[PDB]
>>> print(open('run35.txt').read())   # compact mmCIF, N, CA and C atoms
# COMPACT_ATOMS: atom_id res chain seq x y z
N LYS A 1 91.14 137.75 232.08
CA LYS A 1 92.42 137.59 232.83
C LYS A 1 93.62 137.91 231.95
N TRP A 2 93.48 137.57 230.70
CA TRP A 2 94.56 137.73 229.73
C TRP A 2 94.85 139.15 229.19
N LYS A 3 94.49 139.43 227.91
CA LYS A 3 94.81 140.71 227.28
C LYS A 3 93.71 141.72 227.45
N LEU A 4 92.62 141.24 227.91
CA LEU A 4 91.49 142.09 228.18
C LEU A 4 91.47 142.40 229.66
N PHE A 5 92.07 141.51 230.46
CA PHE A 5 92.18 141.76 231.89
C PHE A 5 92.98 143.01 232.06
N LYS A 6 93.79 143.24 231.05
CA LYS A 6 94.63 144.39 230.98
C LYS A 6 93.83 145.54 230.37
N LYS A 7 92.83 145.18 229.56
CA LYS A 7 91.97 146.18 228.96
C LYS A 7 90.82 146.50 229.88
N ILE A 8 90.61 145.63 230.85
CA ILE A 8 89.54 145.85 231.79
C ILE A 8 90.05 146.57 233.03
N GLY A 9 91.30 146.33 233.35
CA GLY A 9 91.91 146.97 234.49
C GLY A 9 92.10 148.45 234.24
N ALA A 10 92.39 148.80 233.00
CA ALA A 10 92.58 150.19 232.67
C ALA A 10 91.25 150.91 232.65
N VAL A 11 90.20 150.21 232.26
CA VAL A 11 88.88 150.83 232.28
C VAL A 11 88.64 151.34 233.69
N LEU A 12 89.21 150.62 234.65
CA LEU A 12 89.16 151.00 236.05
C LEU A 12 89.62 152.44 236.16
N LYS A 13 90.60 152.75 235.32
CA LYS A 13 91.19 154.07 235.24
C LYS A 13 90.26 155.00 234.49
N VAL A 14 89.61 154.45 233.48
CA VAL A 14 88.69 155.19 232.64
C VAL A 14 87.36 155.41 233.36
N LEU A 15 87.23 154.79 234.52
CA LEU A 15 86.02 154.88 235.32
C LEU A 15 86.12 156.00 236.35
>>> encode(input="run35.txt", output="structure tokens")
Amino acid sequence: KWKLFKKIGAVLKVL
């Protein structure tokens, strides 16, 4: 949810 939620949301982009 925190700083990785931001790193995980972008992976959405990287996906």
>>> select_by_dssp(input="run35.txt", residues="chain A", states="alpha helix (DSSP H)", output="PyMOL selection string")
chain A and resi 5-14
>>> axis_aligned_box(input="run35.txt", around="chain A", padding_each_side="5 Å", output="AutoDock Vina command-line options")
--center_x 90.4 --center_y 146.8 --center_z 231.8 --size_x 18.8 --size_y 28.4 --size_z 19.1
>>> atom_distance(input="run35.txt", atom1="atom N of residue 15 of chain A", atom2="atom CA of residue 2 of chain A")
19.2 Å
>>> decode(input="run35.txt", residues="chain A", atoms="N, CA and C atoms", output="PDB file, in the first residue's frame")
ATOM      1  N   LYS A   1       0.837  -1.230   0.000  1.00  0.00           N
ATOM      2  CA  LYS A   1       0.000   0.000   0.000  1.00  0.00           C
ATOM      3  C   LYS A   1       0.852   1.252   0.000  1.00  0.00           C
ATOM      4  N   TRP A   2       1.969   1.156   0.673  1.00  0.00           N
ATOM      5  CA  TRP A   2       2.875   2.286   0.837  1.00  0.00           C
ATOM      6  C   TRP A   2       3.778   2.684  -0.358  1.00  0.00           C
ATOM      7  N   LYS A   3       5.097   2.406  -0.276  1.00  0.00           N
ATOM      8  CA  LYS A   3       6.042   2.829  -1.316  1.00  0.00           C
ATOM      9  C   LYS A   3       6.231   1.790  -2.381  1.00  0.00           C
ATOM     10  N   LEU A   4       5.719   0.644  -2.100  1.00  0.00           N
ATOM     11  CA  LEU A   4       5.763  -0.442  -3.041  1.00  0.00           C
ATOM     12  C   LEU A   4       4.435  -0.505  -3.762  1.00  0.00           C
ATOM     13  N   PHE A   5       3.384   0.001  -3.107  1.00  0.00           N
ATOM     14  CA  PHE A   5       2.079   0.055  -3.738  1.00  0.00           C
ATOM     15  C   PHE A   5       2.215   0.926  -4.953  1.00  0.00           C
ATOM     16  N   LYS A   6       3.197   1.796  -4.847  1.00  0.00           N
ATOM     17  CA  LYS A   6       3.536   2.705  -5.892  1.00  0.00           C
ATOM     18  C   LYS A   6       4.482   2.008  -6.855  1.00  0.00           C
ATOM     19  N   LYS A   7       5.226   1.024  -6.334  1.00  0.00           N
ATOM     20  CA  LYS A   7       6.135   0.259  -7.162  1.00  0.00           C
ATOM     21  C   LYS A   7       5.410  -0.907  -7.781  1.00  0.00           C
ATOM     22  N   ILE A   8       4.250  -1.220  -7.233  1.00  0.00           N
ATOM     23  CA  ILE A   8       3.471  -2.317  -7.756  1.00  0.00           C
ATOM     24  C   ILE A   8       2.459  -1.824  -8.772  1.00  0.00           C
ATOM     25  N   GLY A   9       2.005  -0.608  -8.568  1.00  0.00           N
ATOM     26  CA  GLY A   9       1.055  -0.012  -9.481  1.00  0.00           C
ATOM     27  C   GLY A   9       1.695   0.280 -10.818  1.00  0.00           C
ATOM     28  N   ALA A  10       2.963   0.656 -10.793  1.00  0.00           N
ATOM     29  CA  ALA A  10       3.655   0.944 -12.026  1.00  0.00           C
ATOM     30  C   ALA A  10       3.954  -0.334 -12.768  1.00  0.00           C
ATOM     31  N   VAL A  11       4.205  -1.415 -12.038  1.00  0.00           N
ATOM     32  CA  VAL A  11       4.435  -2.685 -12.697  1.00  0.00           C
ATOM     33  C   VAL A  11       3.242  -2.957 -13.598  1.00  0.00           C
ATOM     34  N   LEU A  12       2.085  -2.479 -13.143  1.00  0.00           N
ATOM     35  CA  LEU A  12       0.854  -2.572 -13.905  1.00  0.00           C
ATOM     36  C   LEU A  12       1.120  -2.026 -15.294  1.00  0.00           C
ATOM     37  N   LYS A  13       1.952  -0.993 -15.308  1.00  0.00           N
ATOM     38  CA  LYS A  13       2.356  -0.324 -16.528  1.00  0.00           C
ATOM     39  C   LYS A  13       3.398  -1.154 -17.255  1.00  0.00           C
ATOM     40  N   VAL A  14       4.252  -1.790 -16.466  1.00  0.00           N
ATOM     41  CA  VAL A  14       5.313  -2.623 -16.982  1.00  0.00           C
ATOM     42  C   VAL A  14       4.773  -3.971 -17.456  1.00  0.00           C
ATOM     43  N   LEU A  15       3.493  -4.196 -17.195  1.00  0.00           N
ATOM     44  CA  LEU A  15       2.831  -5.435 -17.568  1.00  0.00           C
ATOM     45  C   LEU A  15       2.146  -5.304 -18.925  1.00  0.00           C
TER      46      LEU A  15
END
